[PDB]
């Protein structure tokens, strides 16, 4: 069958690419974490299709469900907010296929591609989407106009010491920093820690911003400084952006020099 990993962008109907719309239109079943599925349902894009959201809390379960359905011949659309390849479903799906020993049967490289196994075969494709970094950047100004690093503060499957390594490196390289999964009830110290690490490489007054629910209901853009992040409150719907040693504010906009 087919397994299309559909990146839906920041969350609003106009935010999806036509390629994403078409992938959803041609899908028989749609799988994804509850929040994404509901957004699509609200848009009226899931009408007359099988929708799986129950028991789809875990990433591994979503991937296994989508893969097994695809292998059984179904036309599946597995949705990820933003882009599937950025802290999304692309990795879990490929790692699962790898674990099951599915082999490529079309001689191609990269994706899309046809893979097969004793269970059956699957045509896998990834539909790219506007990732959080660019989506929030468009609501800020030109914060990512130069070299940038994308870092997730989720230490669920990644040891914190490795994340600190990533942060120190971003600091020394003078990279604009975009923090994905900046904070949660459990993970309430990671953001502050990240700010303290970067503060060893750039000024306290360095531009920073917290953009919540970009392109969605209750969207919020909060401008602050790197020092301000030490006490800032972020959520799972927030993306944080930290400027480099050249970033500055310009009439309400977050400007990172192109040169």
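Positions refer to the first chain, counted from 1.
For the segment pair 68-76 and 114-122, the entry gives 114-122 the higher mean B-factor, averaged over Cα atoms.
When the mean C-alpha temperature factors of 153-161 and 140-148 are read from the deposited coordinates, 153-161 comes out higher. Looking at 243, 14, 235, 9, the one whose CA carries the top B-factor in the deposited record is 235. Looking at 191, 211, 52, 226, the one whose CA carries the top B-factor in the deposited record is 52. Ranked within its chain, residue 173 lands in the middle third, by CA B factor from the PDB record. In this PDB entry, residue 95 carries a Cα temperature factor that places it within the middle third of its chain's modelled residues. Ranked by Cα temperature factor within the chain, residue 107 sits in the highest third according to the deposited record.
In the PDB entry, residue 181 places in the middle third of its chain by CA B-factor.
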